[PDB]
Each structure stands twice: as structure tokens, then as C-alpha cells.
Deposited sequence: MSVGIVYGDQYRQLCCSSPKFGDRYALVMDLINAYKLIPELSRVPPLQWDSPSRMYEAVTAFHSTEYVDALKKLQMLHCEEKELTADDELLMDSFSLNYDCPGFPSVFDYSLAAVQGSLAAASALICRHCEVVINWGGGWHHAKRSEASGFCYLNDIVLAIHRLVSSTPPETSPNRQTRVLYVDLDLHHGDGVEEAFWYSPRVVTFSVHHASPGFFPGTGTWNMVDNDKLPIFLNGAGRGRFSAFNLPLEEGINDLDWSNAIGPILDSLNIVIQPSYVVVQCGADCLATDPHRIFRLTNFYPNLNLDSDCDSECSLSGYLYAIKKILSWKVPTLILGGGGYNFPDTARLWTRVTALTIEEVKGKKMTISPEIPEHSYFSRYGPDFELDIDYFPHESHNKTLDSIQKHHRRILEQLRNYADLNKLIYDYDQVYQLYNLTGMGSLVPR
């Protein structure tokens, strides 16, 4: 069974931010226009018995002082009066400024993604769903006491923490254009949560990590060799990104044998994203790199959490996430999900113009990374006393 996080209030909150606007409504209404909703189990966002219970849940990762500053930021932004000099200093000390500004629903908006991803982790734990999708989540940059790249609360870390605390090993796969720094850092010292981020990295490109350090860092203490990274040069197409990631994913699965897989599916790798870095598509016959990776992960038959993330071309993010959703139903249930290449009529139909089609409107260094990663995987397996066939893994690359 495939679950999807949705709710009336959830949709209102996920649509309340200045950066992501109505993106979540476009994604959910396109999935609905394509008649996918009757094939999915609605997973309600988690709600708490009291403010103390909510604080206990969020503070499993975030500091109380940061959560307090985030809630104060919402309160201050619900008042006409400008912030005092003292409050400006307090907010800057948590990086609650710049690409992480305040807005009237900043706390409710941030908390909603945590509510959705924690409920999605619970549905996997109780075996109600084999896979759960949360297009309102995937806020990979948020740190313990710091907002970063429009991520205020780290719903991923919190969902993984719920999964690990459920012998349990979690594999985290981050497909976003940006390095999954917040998640990687949270589990830097933990061998039980293996993190893998594929992303662009170049001088001055956000956040600056997931690449050669001035050496390639990969975790510390008992978590040494547990944080995997594949930085890629700009312009990579569906096929080359699929071949660069494919052997890594299969190798991680074979060696780690994860109990759960958590996938961040940021849509900013799309050729049509305004970042204009990678040339990935949502094409499903070249085959979308996203659809290739998700199909591979799903073939493992491991309980999986699929989350959103980046994606600044709202109708193109909806086009991709609708295809990921339909593919998830197909792979899990074995039921063919035929999707018309024409966008069906609905509320947001006008946003898919002027052509109104489902396909997005688009027409060696890796070998050295593969050898380095294989060696890191062997090192991780030896440190963690894991049994694996080296020849079976080496042959994958």
C-alpha cells in the first residue's frame, strides 16, 4: 500500500510561505487531476496532545532556544510593529534572516512539514504503508539551532530519528540539486543512518559542502565512512546522472541492508528549474534520472519514505512529482498507472500553458568518485563488521 500526506489544514500551511507559494497545491491538484488519489491512502499529519508534547518532539533534534526563537519570529510577524534592535540580533544568531526570513505563518509552515514526515514515518513503522510520500516535506538544510536555505525545521532528521528508534539501519538518499548538509551533519557520528547525497558542487554554490574539503570527509567516530557524497559538474543529463548514481545505490543497498529508505526528491535538477544547473527531465518512455533512481530504490522492497524539497518551477515540479507518485503506485501495487501526456482539466490547468503537456518543455571524474565510494563502502562495512560479497559490489561499478 502507498500512503500520501495530505489534509485541508496541511495544504493551507504548506501554501503559506513566500518562497514556495502555492507549489504544494499544484502538486496535489495535478495528482488528483490524474485520478491517482483513489489509489493512495491519505496519511494525516501528526498532531500533539499539548504544547509540551510538540516541544518534546521537535527538540528531539532542535534546541529549545531555536524553537523558541522560531515561534517568537512568527508572533513578531503577526504584529504591525517592526522588530526591535534586540529581536533583530536574536533572529540573526539563529540565521532567521536572508533566505530564511520571518513571515506570519513561519512556525506553523515549518512545523507542518515535521507533522507530515513524522506521521509518514509512523505509517511505515506500523506496516500500514509500504511507501509513504510527503510532497510538503524534505527540508534537508535545517540544523539543530540554525535555519538554512529556506529550511526552518528538519522534518527529515526527525522522521529518520523516529525510524531508527522504532539493529535498525536507515539509508538516506538525497536527490536534490543541493548537498543534503543538515541531514548529513545530524547523523555524522551515527553508523545506523547512512547518508548519500548526489548534488552539484562548485565554488560559491550553496551550501558549499559534499565535496573535497580544504580531503573528502565522510563521518566521524563510530560514524566514520557513513556519510556518502557524489558532487557533479553542471549540465549533467538523465542518462549520465542515472549511470553515475545507479551502481552507488545498488552497492549501498547490498552492503547496508537498510530497514528503511528515506528519499529526498528535490525537483531543482530539472533542466527547466531557474537554477539551470542539471538537465534532468520527468520523461518516462531518455528516462528521467529521478524516475530511474526511485524505480531502483523501490525494487529493493524496503519500507520507503519519499519526500519533496527544492523545486522553483512550480508546474514542472508538479509534473515530475505526479510521475514519481504514479510510478510508486505501479512499483508497489503492480497495477499499471497510465497517465495521459496531456494535462487534464482542473483548478490550476492554466499554469501548464501554452502547451498543457505532462512532459517538461525541454530538448572519468565519475569513475574516480566511483572508486573512492567503493573504497569508503568497504571501509564502512569493515568498521561495522558487516558481511558482503566484495566481487558482487565491485562488479556493479
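Of the deposited sequence, positions 1, 168-176, 225-231, 303-314, 393-401, 436-446 lack any modelled C-alpha atom.
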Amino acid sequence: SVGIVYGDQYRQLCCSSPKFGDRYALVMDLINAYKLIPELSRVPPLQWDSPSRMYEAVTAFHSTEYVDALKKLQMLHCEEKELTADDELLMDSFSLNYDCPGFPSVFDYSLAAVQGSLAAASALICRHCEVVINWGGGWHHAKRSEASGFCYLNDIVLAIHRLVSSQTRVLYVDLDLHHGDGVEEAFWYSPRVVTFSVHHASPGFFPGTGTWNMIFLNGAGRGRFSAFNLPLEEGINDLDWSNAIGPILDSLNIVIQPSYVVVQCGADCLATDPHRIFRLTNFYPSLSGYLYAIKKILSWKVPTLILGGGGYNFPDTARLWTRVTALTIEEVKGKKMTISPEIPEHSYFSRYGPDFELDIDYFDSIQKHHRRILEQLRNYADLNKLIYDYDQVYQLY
From here on, numbers count along this sequence of modelled residues.
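Among other compared entries that model residues flanking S259, every one gives it coordinates, keeping it clear of the one-third cutoff. Of the other entries compared for this protein that flank it with modelled residues, a third or more give no atoms for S286. When the two stretches 200-208 and 79-87 are set side by side, the higher mean Cα temperature factor goes to 79-87. Between the stretches 57-65 and 349-357, it is 349-357 that shows the larger average CA temperature factor.
Across the residues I248, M214, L73, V131, the deposited record lists the maximum Cα B factor for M214. Annotation for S41: CA B-factor lies in the highest third of the chain's modelled residues. When the modelled residues of the chain are ordered by their C-alpha B factor, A186 lands in the lowest third. Ranked within its chain, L280 lands in the middle third, by CA B factor from the PDB record. Sort the chain's modelled residues by C-alpha temperature factor and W135 lands in the lowest third, per the entry.
Per-chain ranking of the deposited C-alpha B factor places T328 in the middle third.
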